[PDB]
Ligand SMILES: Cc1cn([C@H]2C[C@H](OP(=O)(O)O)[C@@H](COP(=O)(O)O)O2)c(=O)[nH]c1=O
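Quick heads-up: it's one chain on its own, the form solved without the named molecule, in structure tokens.
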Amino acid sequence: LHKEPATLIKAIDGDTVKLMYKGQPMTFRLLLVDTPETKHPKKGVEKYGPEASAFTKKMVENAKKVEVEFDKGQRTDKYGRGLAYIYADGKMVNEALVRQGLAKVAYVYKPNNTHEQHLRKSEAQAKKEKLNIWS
């Protein structure tokens, strides 16, 4: 797995950000995590949705460097979105959301499952600390 540079274009939601990658604007979906959404699904703005959304936005906006890391399997989903691990100054946004109780680990589709265990370990810690979603 290798990291590649990208430039923030705009954060869209807790789990979705628009990036300039290899010269093209592209929407990326964060691999392996489900955040509450301000979009769907569902019921509009779910609980912790605006929180999760502000966390991702602050984290990518304030970064010096954003990098994307594709997993071993398909790199786009059926909506045309890039599927990847996103890093802000070396820190994985997907893990930070989970470590803060602002995301749960998604249903995993192999072989896009490289960081699955790492994330699950963070999710376990956030539950034990009863943060946000877990409170």
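Just count from 1 along the sequence shown to find any residue number.
Separately, the form deposited with the named molecule bound exists; it is not shown, and the next lines address it.
Using a 4.5 Å heavy atom cutoff, 16, 31 and 83 all lie near the named molecule in the deposited bound form. Remark: residue 64 does not count among the residues lining the named molecule in the deposited bound form, judged by a heavy atom distance of 4.5 Å or less. None of the heavy atoms of residue 89 is located within 4.5 Å of the named molecule in the deposited bound form. Contacts between 76-92 and the named molecule, taken as any heavy atom within 4.5 Å in the deposited bound form, involve 77, 78, 79, 81, 83.
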